[PDB]
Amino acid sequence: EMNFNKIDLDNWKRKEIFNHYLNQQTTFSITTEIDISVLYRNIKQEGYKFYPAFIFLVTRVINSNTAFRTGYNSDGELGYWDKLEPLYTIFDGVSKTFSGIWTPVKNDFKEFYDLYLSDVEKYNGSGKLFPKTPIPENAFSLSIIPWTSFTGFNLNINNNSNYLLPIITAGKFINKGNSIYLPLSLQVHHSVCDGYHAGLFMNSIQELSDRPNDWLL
């Protein structure tokens, strides 16, 4: 069970802004395009499938800043987890449905990649939305829409809750000559993520994509 660090709200420099946007129930989506040219050429050179490389990359960025890992646990306690695991989309080409499964990211990419591969074989095609349960509490949602690109994406979730963890959505590649771009939307809760943290997320994605030798190979 992942370590959960309970937050002392009265002794948090964010107390005012946290409570402000909690009462306003304020999240924002920010959509851009990541240049994945270097990343894609490297995964192709290695014969790695792109999706798990991208899942691993996103998870690394999530685990680089506690603002991306702050939420309420199942007992309603505010805190942040040491690391999150990705809850990511998989597709059943037959039944024409998708599922969400999770795979731990403990260390290096190859270790994750092998577990991703076996998890997809085990849990795809089940007819269940969540065939791999229980889902760990320290999880973030990573969705992909491989059938169309986009320049804007927003989720309207009017569910009476203040869910504080980041929500990530990626789209179909856009090719411009020798460049390959990945539509990417980040949706975060302003109680824990400011514009600054959104910029940190996208810039970190881009910087890691351009340095695959540092974490992939």
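Position 1 is the first residue in the sequence shown; the rest follow in order.
A.B. asks: Taking the recorded C-alpha temperature factors, which stretch has the higher mean, 189-197 or 6-14?
C.D. replies: The stretch with the larger mean CA B-factor is 6-14.
A.B. asks: On average, which has the higher Cα B-factor in the deposited entry, 30-38 or 152-160?
C.D. replies: Stretch with the greater average CA B-factor: 152-160.
A.B. asks: Identify, among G127, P146, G79, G100, the residue whose C-alpha carries the highest B-factor in the deposited PDB entry.
C.D. replies: Answer, based on the entry's C-alpha B-factors: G127.
A.B. asks: Classify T66 as lowest, middle or highest third according to the C-alpha B-factor given in the PDB entry, relative to its own chain.
C.D. replies: It falls in the bottom third of the chain.
A.B. asks: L87's Cα B-factor: lowest, middle or highest third of the chain?
C.D. replies: Its C-alpha B-factor, which the entry lists for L87, ranks in the lowest third among residues of this chain.
A.B. asks: Where does the C-alpha B-factor of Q206 rank in its chain, lowest, middle or highest third?
C.D. replies: Its C-alpha B-factor belongs to the lowest third of this chain's values.
A.B. asks: Would you mind checking where the Cα B-factor of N73 ranks among the modelled residues of its chain, as the lowest, middle or highest third?
C.D. replies: Middle third - that is where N73 ends up once the chain's C-alpha B-factors are sorted.
A.B. asks: Splitting the chain's C-alpha B-factors into thirds, which one does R60 fall into?
C.D. replies: According to the entry, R60 has a C-alpha B-factor in the chain's lowest third.
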